[PDB]
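Encoded as structure tokens, the following chain is the form deposited in one PDB entry, with no partner shown.
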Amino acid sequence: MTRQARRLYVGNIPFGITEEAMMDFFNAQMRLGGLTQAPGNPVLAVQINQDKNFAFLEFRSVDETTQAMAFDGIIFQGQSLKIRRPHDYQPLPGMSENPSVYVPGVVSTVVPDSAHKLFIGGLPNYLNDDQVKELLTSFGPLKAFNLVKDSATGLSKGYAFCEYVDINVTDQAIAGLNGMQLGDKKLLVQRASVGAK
């Protein structure tokens, strides 16, 4: 079966989201983004594990599944959706593994360790993914971003990682944010290599 090549993991889903709302969101986004490859819905079903905070999407075609990987990081009800292959996915012969389209405004959640990867610590815990992304985007467009959540409670842990499109924005964000006081917290903004364990 092509079935594992027609399914995607979606993490960090909004609390209380229904399977139908998730399906409507992705079917509409696929059509609006020009990713859908025929009339009708590309997403057939959604299974939510509400307790563990993830969903699986099932698509009608291998190719539309691949294109939907381009939605990684899309904001849905304030949250950056983490879109991933199933762990047992294996590319089929002759079928592409990576998406061929770009979705304007969608920022990847995949932030690899790299020279200019930034750590941002001390963020107020009431800021959602969208608001932290907006804070960072004020300095320049992002290539990648993730805000770290507690996997049991879903609450922000108050620190994030990001990578700017322009490597030179990195030091501008550091200058603008490092050491800023918010309540009892003080932002630490530095390249993530500096304080990694």
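Start at 1 with the first residue shown and count on from there. Definition used throughout: the rigid core is the maximal C-alpha set that superposes within 1.5 Å between two forms.
2-10 and 186-194 differ in mean CA B-factor, and the higher of the two is recorded for 2-10.
The stretch 41-49 shows the higher mean C-alpha B-factor when 41-49 is compared against 143-151 in the entry.
Highest C-alpha temperature factor among 78, 86, 112, 94 per the entry: 94. The PDB entry assigns residue 133 a C-alpha temperature factor belonging to the lowest third of its chain's modelled residues. Among all modelled residues in this chain, the alpha-carbon of residue 173 has a temperature factor (C-alpha) in the lowest third.
In the PDB entry, a CA B factor belonging to the lowest third of its chain's modelled residues is recorded for residue 73.
Split the chain's modelled residues into thirds by C-alpha temperature factor. Residue 106 is in the lowest one. When the CA B factors of the chain's modelled residues are split into thirds, the value for residue 58 lands in the middle one.
Only in words, not in the display: the form deposited in another entry, which the text now covers.
With the rigid core aligned between this form and the one not shown, the listed residues 30, 169, 55, 70 include just one Cα displaced by at least 2 Å, namely that of 169. Once the rigid core is overlaid between this form and the one not shown, residue 183 counts among the residues whose Cα shifts by 2 Å or more. For residue 120, a C-alpha deviation of 2 angstroms or more is recorded between this form and the one not shown after rigid-core alignment.
Put the two forms on the same core and the Cα of residue 41 is off by less than 2 Å between this form and the one not shown. Between the C-alpha atoms of residue 143 and residue 86, a gap narrowed by no less than 3 Å is obtained in the other entry, as opposed to the form on display. Compared with the form shown here, the Cα atoms of residue 43 and residue 149 move at least 3 Å farther apart in the other entry.
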